[PDB]
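Okay, target_10.cif is below, mmCIF, C-alpha atoms and all ligand atoms:
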```cif
data_model
loop_
_atom_site.group_PDB
_atom_site.id
_atom_site.type_symbol
_atom_site.label_atom_id
_atom_site.label_comp_id
_atom_site.auth_asym_id
_atom_site.auth_seq_id
_atom_site.Cartn_x
_atom_site.Cartn_y
_atom_site.Cartn_z
ATOM 1 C CA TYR A 508 -85.153 -75.183 -31.642
ATOM 2 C CA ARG A 509 -82.204 -75.556 -34.013
ATOM 3 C CA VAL A 510 -80.507 -72.144 -34.043
ATOM 4 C CA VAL A 511 -77.772 -71.251 -36.541
ATOM 5 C CA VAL A 512 -76.144 -67.809 -36.350
ATOM 6 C CA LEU A 513 -74.039 -66.251 -39.114
ATOM 7 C CA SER A 514 -71.171 -63.831 -38.511
ATOM 8 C CA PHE A 515 -69.052 -62.018 -41.086
ATOM 9 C CA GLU A 516 -66.872 -58.924 -41.323
ATOM 10 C CA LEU A 517 -67.265 -56.226 -43.965
ATOM 11 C CA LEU A 518 -65.002 -54.114 -46.206
ATOM 12 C CA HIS A 519 -61.936 -56.357 -46.260
ATOM 13 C CA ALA A 520 -59.557 -57.668 -48.900
ATOM 14 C CA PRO A 521 -59.700 -61.539 -48.925
ATOM 15 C CA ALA A 522 -63.154 -61.845 -50.513
ATOM 16 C CA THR A 523 -63.364 -65.616 -50.924
ATOM 17 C CA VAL A 524 -66.980 -65.793 -49.680
ATOM 18 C CA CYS A 525 -69.170 -63.880 -52.098
ATOM 19 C CA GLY A 526 -72.237 -63.898 -54.326
ATOM 20 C CA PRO A 527 -73.206 -65.406 -57.685
ATOM 21 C CA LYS A 528 -73.001 -62.213 -59.765
ATOM 22 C CA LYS A 529 -71.238 -62.386 -63.136
ATOM 23 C CA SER A 530 -67.985 -60.488 -63.683
ATOM 24 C CA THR A 531 -67.333 -58.324 -66.744
ATOM 25 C CA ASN A 532 -64.166 -57.060 -68.402
ATOM 26 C CA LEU A 533 -62.448 -53.725 -67.840
ATOM 27 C CA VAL A 534 -62.651 -50.837 -70.311
ATOM 28 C CA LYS A 535 -60.080 -48.336 -68.850
ATOM 29 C CA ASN A 536 -60.026 -44.519 -69.221
ATOM 30 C CA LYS A 537 -63.829 -44.265 -69.192
ATOM 31 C CA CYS A 538 -66.446 -42.848 -66.824
ATOM 32 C CA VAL A 539 -68.054 -46.054 -65.525
ATOM 33 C CA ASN A 540 -69.969 -47.284 -62.469
ATOM 34 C CA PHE A 541 -67.574 -49.954 -61.234
ATOM 35 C CA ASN A 542 -68.014 -52.531 -58.474
ATOM 36 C CA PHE A 543 -65.270 -54.426 -56.618
ATOM 37 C CA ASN A 544 -66.536 -57.152 -54.241
ATOM 38 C CA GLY A 545 -69.410 -54.938 -53.100
ATOM 39 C CA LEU A 546 -67.392 -51.705 -53.097
ATOM 40 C CA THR A 547 -69.143 -49.633 -55.764
ATOM 41 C CA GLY A 548 -68.749 -46.137 -57.142
ATOM 42 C CA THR A 549 -68.745 -43.937 -60.225
ATOM 43 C CA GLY A 550 -65.471 -42.854 -61.776
ATOM 44 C CA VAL A 551 -62.695 -43.454 -64.285
ATOM 45 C CA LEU A 552 -60.292 -46.402 -64.038
ATOM 46 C CA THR A 553 -56.705 -45.667 -65.109
ATOM 47 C CA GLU A 554 -53.224 -47.073 -64.545
ATOM 48 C CA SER A 555 -51.008 -46.479 -61.523
ATOM 49 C CA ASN A 556 -47.391 -46.649 -60.370
ATOM 50 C CA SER B 803 -33.105 -0.788 -61.006
ATOM 51 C CA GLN B 804 -34.223 -3.049 -58.150
ATOM 52 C CA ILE B 805 -37.817 -1.754 -58.177
ATOM 53 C CA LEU B 806 -38.310 -0.948 -61.876
ATOM 54 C CA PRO B 807 -39.719 -3.727 -64.097
ATOM 55 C CA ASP B 808 -37.224 -5.919 -65.928
ATOM 56 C CA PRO B 809 -37.731 -6.079 -69.722
ATOM 57 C CA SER B 810 -35.381 -9.090 -69.960
ATOM 58 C CA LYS B 811 -38.104 -11.497 -68.770
ATOM 59 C CA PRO B 812 -41.593 -12.352 -70.067
ATOM 60 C CA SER B 813 -42.903 -11.504 -66.595
ATOM 61 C CA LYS B 814 -42.896 -7.762 -65.895
ATOM 62 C CA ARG B 815 -42.007 -8.254 -62.221
ATOM 63 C CA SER B 816 -38.975 -6.548 -60.709
ATOM 64 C CA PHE B 817 -36.086 -8.190 -58.860
ATOM 65 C CA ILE B 818 -37.637 -7.394 -55.471
ATOM 66 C CA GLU B 819 -41.018 -8.571 -56.779
ATOM 67 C CA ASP B 820 -39.335 -11.782 -57.960
ATOM 68 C CA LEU B 821 -37.911 -12.286 -54.459
ATOM 69 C CA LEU B 822 -41.372 -11.683 -52.973
ATOM 70 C CA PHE B 823 -42.887 -14.232 -55.369
ATOM 71 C CA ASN B 824 -40.180 -16.795 -54.580
ATOM 72 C CA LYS B 825 -40.484 -16.282 -50.809
ATOM 73 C CA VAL B 826 -44.184 -17.118 -50.437
ATOM 74 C CA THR B 827 -44.824 -20.769 -51.268
ATOM 75 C CA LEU B 828 -47.406 -23.542 -50.927
ATOM 76 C CA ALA B 829 -44.913 -26.307 -50.115
ATOM 77 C CA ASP B 830 -46.612 -27.912 -47.098
ATOM 78 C CA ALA B 831 -50.190 -26.941 -47.998
ATOM 79 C CA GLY B 832 -53.071 -29.391 -48.225
ATOM 80 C CA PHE B 833 -56.033 -29.038 -50.575
ATOM 81 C CA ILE B 834 -54.596 -25.982 -52.354
ATOM 82 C CA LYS B 835 -51.335 -27.680 -53.355
ATOM 83 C CA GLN B 836 -53.157 -30.881 -54.347
ATOM 84 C CA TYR B 837 -55.553 -28.884 -56.533
ATOM 85 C CA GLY B 838 -52.685 -26.936 -58.098
ATOM 86 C CA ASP B 839 -50.760 -30.135 -58.835
ATOM 87 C CA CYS B 840 -53.522 -31.249 -61.223
ATOM 88 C CA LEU B 841 -52.659 -28.279 -63.451
ATOM 89 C CA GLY B 842 -49.059 -29.518 -63.591
ATOM 90 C CA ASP B 843 -50.264 -33.031 -64.443
ATOM 91 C CA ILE B 844 -51.697 -32.022 -67.838
ATOM 92 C CA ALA B 845 -49.628 -34.687 -69.621
ATOM 93 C CA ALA B 846 -52.112 -37.354 -68.484
ATOM 94 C CA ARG B 847 -55.478 -37.147 -70.226
ATOM 95 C CA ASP B 848 -58.934 -37.676 -68.663
ATOM 96 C CA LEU B 849 -57.865 -35.736 -65.551
ATOM 97 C CA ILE B 850 -61.122 -34.183 -64.311
ATOM 98 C CA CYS B 851 -59.681 -32.581 -61.185
ATOM 99 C CA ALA B 852 -62.402 -29.916 -60.924
HETATM 100 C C1 LIG C 901 -56.424 -29.603 -72.927
HETATM 101 O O1 LIG C 901 -56.153 -29.962 -74.291
HETATM 102 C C2 LIG C 901 -54.910 -29.448 -74.795
HETATM 103 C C3 LIG C 901 -54.829 -29.856 -76.248
HETATM 104 O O2 LIG C 901 -55.521 -31.075 -76.483
HETATM 105 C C4 LIG C 901 -53.747 -29.980 -73.960
HETATM 106 O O3 LIG C 901 -52.536 -29.390 -74.417
HETATM 107 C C5 LIG C 901 -53.961 -29.658 -72.486
HETATM 108 O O4 LIG C 901 -52.942 -30.266 -71.702
HETATM 109 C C6 LIG C 901 -55.326 -30.158 -72.023
HETATM 110 N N1 LIG C 901 -55.561 -29.796 -70.634
HETATM 111 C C7 LIG C 901 -55.812 -30.697 -69.678
HETATM 112 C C8 LIG C 901 -56.033 -30.149 -68.301
HETATM 113 O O5 LIG C 901 -55.857 -31.901 -69.915
#
```

Show how you would write the structure in this file as structure tokens.
Amino acid sequence: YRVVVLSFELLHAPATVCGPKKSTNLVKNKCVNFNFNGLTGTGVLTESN
Amino acid sequence: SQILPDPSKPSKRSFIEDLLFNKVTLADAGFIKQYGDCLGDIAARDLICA
């Protein structure tokens, strides 16, 4: 039996192995349901210092 | 004069009452100070801190 096992860590910054989903542009200052490399949530994206 | 209200200020507190207000503070507080800081951050719009 040819056995191949996959191992990967989760919730980390260097996301160079990822899926085929299409990226969209930012809107800023709007209540949106964003997603960042699998990290998703509902909120408003603004600037920062 | 120390306990009577002061008409020289918009607040009607006395001098002793002003000292009492200045003594109690929320300097090292947690959620309360963070919630009160959103009311001082009214210059930035779209701040739904409720
Ligand atoms: C509410 O709107 C007024 C006028 O547009 C503004 O002066 C005030 O800072 C706003 N409050 C907040 C919490 O954004």

Subject >> Residues in the PyMOL selection byres ((chain A) within 9 of (chain B)), expressed as number ranges by chain >> reply: A: 536-537, 551

**OP:** Could you tell me which residues the PyMOL selection byres (((not hetatm)) within 12 of (chain C and resi 901)) returns for this structure, as a ChimeraX atom specification?
**Re:** /B:837-852

**OP:** Extract, using only C-alpha atoms, all DNA, RNA and protein residues at most 8 Å from range 819-825 of chain B, discarding same-chain residues fewer than 3 positions from it, and format them as a ChimeraX atom specification.
**Re:** /B:805,815-816

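The interatomic distance for the pair CA of residue 524 in chain A and CA of residue 538 in chain A works out to 28.6 Å.
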
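If you look at CA of residue 533 in chain A and CA of residue 553 in chain A, they are 10.3 Å away from each other.
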
Original post:
Any idea what the distance is between CA of residue 509 in chain A and CA of residue 526 in chain A?
Top reply: 25.5 Å

**OP:** List, as a VMD selection string, every residue that the PyMOL selection byres (((chain A and resi 540) around 9) and not hetatm) selects in the file provided.
**Re:** chain A and resid 538 to 539 541 to 542 547 to 551
